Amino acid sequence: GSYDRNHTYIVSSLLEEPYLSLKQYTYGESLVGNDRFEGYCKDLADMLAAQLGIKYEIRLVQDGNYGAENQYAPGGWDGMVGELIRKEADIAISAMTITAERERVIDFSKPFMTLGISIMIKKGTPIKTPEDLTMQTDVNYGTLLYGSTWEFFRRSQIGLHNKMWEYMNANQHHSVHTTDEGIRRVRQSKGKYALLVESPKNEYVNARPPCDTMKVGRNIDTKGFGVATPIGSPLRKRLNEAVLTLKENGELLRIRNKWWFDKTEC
């Protein structure tokens, strides 16, 4: 009640199914504003905005990136993280992984979803574990360049993870600028490409046509997605409270089931 509720809050996000996607285009009708978008993060944004009694406007991140330390970016970070640092958006509501490095420059709510790094293969690929990848030659692998999975391997103290880091850093052509290009490479590489991909995306893709991909191995780590705000935001406490409210009242579970379980065609 002690923050501006006439302001339309700018919500940075990033198209990445099923978190956020464009509603299917139809004949003779043009969607505008937030109506263009659907998905888990759209439903989350709607519910958070309702909890806070605020208006909001989704504005997609202007470089298509989640956020990485970048010696060229103003404020030191690109992507949604940089938009928050530079006060170009008020909130980011996306599949933004909570990392120690990002917490030093922006604030996160408690997590609204838990996840881990996982492996996606085309069915038939003779890979069952991360260790397997490092013991063979024919299957190349990679991840989203410079995101949280990339940084996990760069920074990990586990020898296996450092071995995977050294390979990927020396073979950046086998990593990708969008996770969807990684998934296309899995599908189109005849069993010779594996993708390191966060488990909710992996699980979503594997459960839908063409049913040609699968997850192998245990998740490599455990972490969360959070709602992100620029430091000092007047909304920080209320947004965290709202996430906790939606977690306790079953609403986060409802929209997770909506976008993952209700959409299982395989």
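Heads up: residue numbers just count along the shown sequence, starting at 1.
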For 127-135 versus 174-182, entry-based mean Cα B-factors point to 127-135
Going by the entry, of stretches 162-170 and 99-107 the one with greater average Cα B-factor is 162-170
Max C-alpha B-factor within the set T149, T114, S118, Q71 falls on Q71
Top Cα B-factor in this entry, restricted to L52, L31, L44, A207, sits on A207
Assert third(CA B-factor, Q24) within chain per record equals highest
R236: CA temperature factor from the record, placed by chain third, in the lowest
Among the modelled residues of its chain, the C-alpha B-factor of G64 falls in the third labelled lowest
In terms of its chain's C-alpha B-factors, the third that includes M214 is the middle
Assert third(CA B-factor, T229) within chain per record equals lowest
